[PDB]
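This report refers to the structure that appears directly beneath it.
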Amino acid sequence: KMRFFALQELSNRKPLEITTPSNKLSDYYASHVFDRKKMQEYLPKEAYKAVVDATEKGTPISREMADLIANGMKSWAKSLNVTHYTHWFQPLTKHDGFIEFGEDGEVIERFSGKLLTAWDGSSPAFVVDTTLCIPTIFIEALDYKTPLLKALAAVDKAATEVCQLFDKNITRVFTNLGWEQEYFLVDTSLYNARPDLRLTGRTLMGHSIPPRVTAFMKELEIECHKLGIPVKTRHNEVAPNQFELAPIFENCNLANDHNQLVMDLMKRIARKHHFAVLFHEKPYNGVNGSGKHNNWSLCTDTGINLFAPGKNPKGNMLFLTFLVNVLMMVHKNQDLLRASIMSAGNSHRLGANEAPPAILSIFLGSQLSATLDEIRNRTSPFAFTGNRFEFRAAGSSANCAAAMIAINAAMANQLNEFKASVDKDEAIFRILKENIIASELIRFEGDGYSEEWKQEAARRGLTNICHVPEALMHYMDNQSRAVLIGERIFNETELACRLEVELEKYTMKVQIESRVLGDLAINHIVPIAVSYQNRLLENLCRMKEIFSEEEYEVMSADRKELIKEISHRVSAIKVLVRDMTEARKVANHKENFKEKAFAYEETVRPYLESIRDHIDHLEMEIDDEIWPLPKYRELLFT
Amino acid sequence: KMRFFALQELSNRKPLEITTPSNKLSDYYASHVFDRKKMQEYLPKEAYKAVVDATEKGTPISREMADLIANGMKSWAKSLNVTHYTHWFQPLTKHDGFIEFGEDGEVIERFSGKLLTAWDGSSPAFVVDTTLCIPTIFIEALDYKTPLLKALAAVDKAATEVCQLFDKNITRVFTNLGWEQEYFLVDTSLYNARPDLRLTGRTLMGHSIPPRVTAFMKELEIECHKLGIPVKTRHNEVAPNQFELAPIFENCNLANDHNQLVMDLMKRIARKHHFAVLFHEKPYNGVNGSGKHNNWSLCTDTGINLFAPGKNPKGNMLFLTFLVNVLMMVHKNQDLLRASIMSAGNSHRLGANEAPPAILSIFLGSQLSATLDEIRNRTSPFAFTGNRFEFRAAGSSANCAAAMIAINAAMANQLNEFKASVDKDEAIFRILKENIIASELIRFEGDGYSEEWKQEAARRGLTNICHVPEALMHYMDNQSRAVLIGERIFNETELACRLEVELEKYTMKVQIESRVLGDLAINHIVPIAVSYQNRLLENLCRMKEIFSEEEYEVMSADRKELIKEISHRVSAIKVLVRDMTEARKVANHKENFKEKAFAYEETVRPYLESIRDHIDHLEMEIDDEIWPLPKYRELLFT
Amino acid sequence: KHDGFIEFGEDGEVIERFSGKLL
Ligand SMILES: Nc1ncnc2c1ncn2[C@@H]1O[C@H](COP(=O)(O)OP(=O)(O)O)[C@@H](O)[C@H]1O
Ligand SMILES: Nc1ncnc2c1ncn2[C@@H]1O[C@H](COP(=O)(O)OP(=O)(O)O)[C@@H](O)[C@H]1O
Ligand SMILES: C[S@](=O)(CC[C@H](N)C(=O)O)=NP(=O)(O)O
Ligand SMILES: C[S@](=O)(CC[C@H](N)C(=O)O)=NP(=O)(O)O
Ligand SMILES: [Cl-]
Ligand SMILES: [Cl-]
Ligand SMILES: [Cl-]
Ligand SMILES: [Cl-]
Ligand SMILES: [Mg+2]
Ligand SMILES: [Mg+2]
Ligand SMILES: [Mg+2]
Ligand SMILES: [Mg+2]
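Protein chains in written order, with PDB author numbering: chain F, 3 to 95, 101 to 123, 148 to 170, 175 to 243, 258 to 424, 458 to 506, 515 to 728; chain A, 3 to 95, 101 to 123, 148 to 170, 175 to 243, 258 to 424, 458 to 506, 515 to 728; chain B, 101 to 123.
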């Protein structure tokens, strides 16, 4: 009765009108970001030279140079009528006017440099609907930025040093991250009419470019550009109502920050367009999941993709050195990566419709492949896609950082290692070949889902872990620690948290899913089943008493059966839920977060599918006239 | 429930207001297309002379000359405010902004010549709502263009040569294709509240120029002219809510590309006018299906319809020549054509309401006919219509290319063939005389739907095939091969694949139909049926105790029987669906696509009608007040 | 049946024309 108010609701939905600032991008791209182009303008001759010396790998920022900046910074934002400032920061999961009483007692607006939990001098401040946002690092380390920043640092020092063995120059090596954002959209109305979709982000049940949308994108993009994020492409995915959008790569940290922000933008904007953006990795069951690829590469300060072969690759010894290296890292750090992308949501995705199974294994592709013996296809975790590697394992909701923090530090180590080792001008070839032979195992090239590879790799010793809890545990696994704590990225106490808070999440997520599905079953689904069952009963009940037993026996036949069928399901559900409620109960009591997790993945998680199977069947039986929830057919097209 | 929210929805539907750019067509026609008229304008004195030499049969395009073009192209696209570019291409049944980071750190908009999967230097790029499109191919050939092109290439040379025997000149011979698009419209509102239709594109069940619409064509037409499709006509068809719309013949390729987009252009504009364009060959059962005619003809650079008789058809030996020739092609390549237009949907179409049966046979009509012995009514696949032939067989949803690929390549062959023979200045008459008597069997002129012919052909050896699977298989039969794989059109594998993906489709389509129907029945129809039945029962039940068994006997009668009638049907259905679901189950399991096809055609496909038959009766019985779906009577009028 | 006057001229450019041949 509300589901329909939804269908009828969207019968008419004039797609919003947009605009487009000027016809020249250059006119507004970055319009809303206090970037150099503008610090040079608004900041004092000196203060500016300082933001640079600081961002020029050097720093630090004087409490003096701060106010120097901060003041200039505001002056800019005022040009946008911003009236509040805030420390923007993504934690492992506040607006202030400038208002201030002056000496003379009169009120004034002021932004003290004393307000930079520490601003990431690296990422420019940006403005969103009257609010200056200062990217900062939450402080162990309760955020994501810090861990990354460090991870990225290590990678640099490391790769730079190892770069020395060639072109003596090369002061430093940067990390470029090009991400690809996938998602689904649902008309808000329909969405609300589906409680499991709200609250869980994914349908917990259910039997398996439009103008409206275009306009959504029309805006999103503009707003992104203004925000500095360089959105390059946008197209719709394999599944219904699924779409992607990717920008041009950017020094990892920024890239990430940017993506993070984009998700924000998308949500705010979507709502405005009477849509709901679904970022879960598996919104609808039985249809392409959503993923977030991470195209990784390492540009050196003197130039050089450092991952780009190009003409006679056997000659480009530098490249060879790095490629083979990556190989070792991906290989030597399987579990670590698979952990940086595992999540209650992603679990539902990887290992399926175009989603890499939890089995890391690089793809070099014939050409470069055989070439490695001398010493582009998806369906696989890592993949050399040409002058860069693409890491598909990542979920679509995850914060890139995680995946990067791992991959990068992991690489950092593997490098600093290759270096020490290759220290016994012609040695390289020794270690290089030593490593190629060493990796081998890790390299693959075919149907990554094929039952072929399922064992074909298990044989090589390549681990395969589906269970989130387990898969996660490996954060504390010695090898990982060697990389994480090794490279001074985390200290015991920290890594400890990380792993917990991570398990913590999973546990809750799995819980809510359960909680919801339980209530929805008992409160929404069942009550209907009954209602319909009555329809059926009232039928026989009368029929039976109007036809000769003979007639009634043959006419009621099937009907009578279905009633049984229904009564069966209902009861079944009634139980499963109870039992599940119990499971959760006990589970919730395991005196140890670490166990609590397993408890769920172990005994609770299972019911989710159990309960469903029934509901779904019921959906097929009951009258479409009724049936509380919007049906997939509608969530996907109607 | 919704079926009414529909009738009510369209009680008030103001037909949109259009405009009309200027009053001088010449003003806005081909406005959004980067045609030479404009290349000359935007392109450098030489870079232009290059795109011309390219499309002057010559080519190729320099990576340099590309960028040269590529840039002028943008300079233009901007005057229209385009901001994205994409590769427009029709694969076997994608949006980048110009954004670019400059050397000097600042952002620019750039369109590298490096972006021309290979552009069809031929068909001009066109702009559509801020998005520039570049017709391209899909390189094995995973598209339709490539083939067609190759196919057309052959026909050119192959015909230029034979042409040589006469007027020594004649550099080449072009192919003109004048299509004719048919369709149906349904008020979106009704549509949506009719699953089968949305999803299957055609009603799976159901018992058997308004302002709103004019406004549609009003806009549809303008947008075409702005785009270069020279739409010349638009009138409504034989059935309700059906309408044609045809352009002025253009070189087969361009002709095609145009149509192929007009399909898009329509679907877009359509929604905008609360309509849904139904391109399926047979939306509604029992009323003219939609078709797409292909008016073929060959012009030789030095003029000449080459299919144009004119005063004294004996003098025109060239014509006579070609005529006879085509006559052979249509005869010698029967099954090849039939397969180039066979499709799950079209199956429900041809061989009926003005649609040619699966029995290829030409039509010359008295005049040219008897006079062809000296050595226009529809109801017929091919039909010489005067200075051109008309290929009625084609479905209204197909990609003209398919039919052309055959037609042309076939002709190309049968032409080159003639040239062989006629190699022994007067000989031609020998060969021509041969083919004439040789074709014979293929000419016809009467009621093609006639039984006197449905058999009168079988005698002549004229093949007749309905079952898509079968009819398709012939793509592989050696004759076809001789022409297709023969003329460098497809290579052994390719053609093999084409037949695969083709069969693939058929199977998918048939499944989704079965899928749906199954649900709509059990799920939507049945439940109502019961509801009504109760009304009937509650009637008898009560009256059975207020009247003398005598009276009750006489009054129950009918009622009682209908109750039976209904109970019969609903049960009947419950089964067929079951049985059907099972059939599919199996079919689905045959290990080969080729098998799966015949599987459906043979045991799943058959059910669609069985199940239906009942539902439709039930429709007639149940109370109009109820009945979930919009009635045909409503879908075709009000 | 509705027909625009649309028609391709010799020069290839499009023009609108109504031929007496239509009466
Ligand atoms: N040198 C590079 N370094 C990092 N990322 C890159 C580099 N070159 C390209 N990329 C990224 O490759 C990604 C390609 O995205 P997309 O085309 O949508 O998916 P696929 O790469 O699977 O086609 C983009 O994010 C692009 O920025
Ligand atoms: N010389 C020609 N070459 C190709 N197509 C042509 C030629 N002459 C006419 N046509 C096409 O004949 C078609 C006639 O369409 P129409 O009148 O709607 O259907 P019918 O041909 O069934 O009357 C138009 O598409 C026209 O362009
Ligand atoms: C077609 S795909 O590989 C599909 C990816 C899949 N949806 C996933 O979740 O990884 N997307 P992309 O075009 O970014 O490669
Ligand atoms: C009415 S009709 O012949 C179409 C007849 C039938 N609906 C068909 O699809 O061939 N249109 P046209 O103007 O092309 O002759
Ligand atoms: Cl509830
Ligand atoms: Cl709980
Ligand atoms: Cl349904
Ligand atoms: Cl199935
Ligand atoms: Mg994508
Ligand atoms: Mg990708
Ligand atoms: Mg027509
Ligand atoms: Mg016709």
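Positions of the beta carbon are idealized from the N, C-alpha and C atoms, including for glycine.
Around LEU627/A, no beta-carbon contact reaches into chain B at under 9 Å, the shortest distance being about 55 Å. Excluding residues up to 5 positions away in sequence, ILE115 lie with their Cβ nearer than 6 Å to the Cβ of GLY109/B in the same chain. In this structure, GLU672/A has its CB at a distance of at least 6 Å from all heavy atoms of ligand 11. A straight line joining the alpha-carbon of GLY277/F with that of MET598/F spans about 35 Å. Around the CB of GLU542/A, fewer than 16 other CB atoms lie within 10 Å, so the residue is classed as exposed.
DSSP lists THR88/A and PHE157/A as the bridge partner or partners of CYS164/A. Within its own chain, the residues whose Cβ lies closer than 7 Å to the Cβ of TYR722/F, once the five positions on either side in sequence are excluded, are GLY241, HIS242, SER243 and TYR333, listed in chain order. With 5 Å as the limit, the residues whose C-beta approaches a heavy atom of ligand 7 more closely than that are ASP609/A and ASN613/A, in chain order. With contacts defined as CB atoms closer than 7 Å, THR210/A and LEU355/A fail to qualify as a contacting pair. For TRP543/F, the uninterrupted alpha helix (DSSP H) segment begins and ends at 541 to 548. By the 16-neighbour rule on beta-carbons within 10 angstroms, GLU268/F is buried.
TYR50/A and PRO279/A have their alpha carbons spaced roughly 24 Å apart.
In this structure, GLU293/F has its CB closer than 6 Å to one or more heavy atoms of ligand 9. Look at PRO362/A: its C-beta is not under 7 Å from any C-beta on chain B. Think of a sphere of 9 Å around the beta carbon of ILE636/F: the chain A residues whose beta carbon falls inside it are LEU627, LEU630, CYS631, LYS634, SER646, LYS650 and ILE653, in chain order.
Distances taken from the Cβ of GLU215/F to the heavy atoms of ligand 10 include one shorter than 6 Å. Distances from the CA of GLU472/A to each of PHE219/A, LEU409/A, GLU709/A and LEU531/A were compared; the closest alpha carbon is that of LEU409/A. Taken from the Cβ of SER346/A, at least one heavy atom of ligand 2 lies inside 6 Å.
The shortest CA-to-CA distance from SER64/A to any of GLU48/A, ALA32/A, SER503/A and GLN10/A is the one to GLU48/A. The continuous beta strand (DSSP E) containing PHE473/F extends over residues 471 to 473. When C-alpha distances from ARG605/F are compared across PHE169/F, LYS501/F, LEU184/F and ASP231/F, the shortest belongs to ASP231/F. Counting only the Cα atoms, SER392/F lies some 51 Å from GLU715/A.
In its chain, beyond the 5 residues on either side, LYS363 have a beta carbon closer than 8 Å to the beta carbon of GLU423/F. Only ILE297 from the stretch 292 to 316 of chain F bring a Cβ to less than 7 Å from some Cβ of chain A.
The alpha helix (DSSP H) runs of length 4 or more contained entirely in the stretch 549 to 626 of chain A are, from start to end of the chain, 558 to 563, 568 to 574 and 582 to 609. At a cut-off of 7 Å between C-beta atoms, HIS322/F does not count as an interface residue with respect to chain A. A straight line joining the alpha-carbon of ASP505/F with that of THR370/F spans about 14 Å. The C-alpha of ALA304/A is placed about 20 Å away from the C-alpha of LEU386/A. Not a single CB atom of chain F sits nearer than 7 Å to the CB of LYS599/A. Listed by position along chain F, the residues whose Cβ is nearer than 8 Å to that of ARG233/A are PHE727 and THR728. Within chain A, the residues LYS26, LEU27 and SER28 have their CB atoms less than 9 Å from the CB of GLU116/B, given in chain order. In terms of side-chain proximity, the C-beta atom of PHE368/F is found no nearer than 6 Å to any non-hydrogen atom of ligand 1. Taking C-beta separations shorter than 6 Å and ignoring five residues to either side along the sequence, the partners of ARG470/F in its chain run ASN344, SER346 and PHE356, following chain order.
Residues of chain A whose Cβ lies closer than 8 Å to the Cβ of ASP103/B are, in chain order, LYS281 and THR282. For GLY120/F, the secondary structure class from DSSP, reduced to helix, strand or coil, is helix. Nearest Cα to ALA687/F within the set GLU215/F, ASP29/F and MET563/F: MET563/F.
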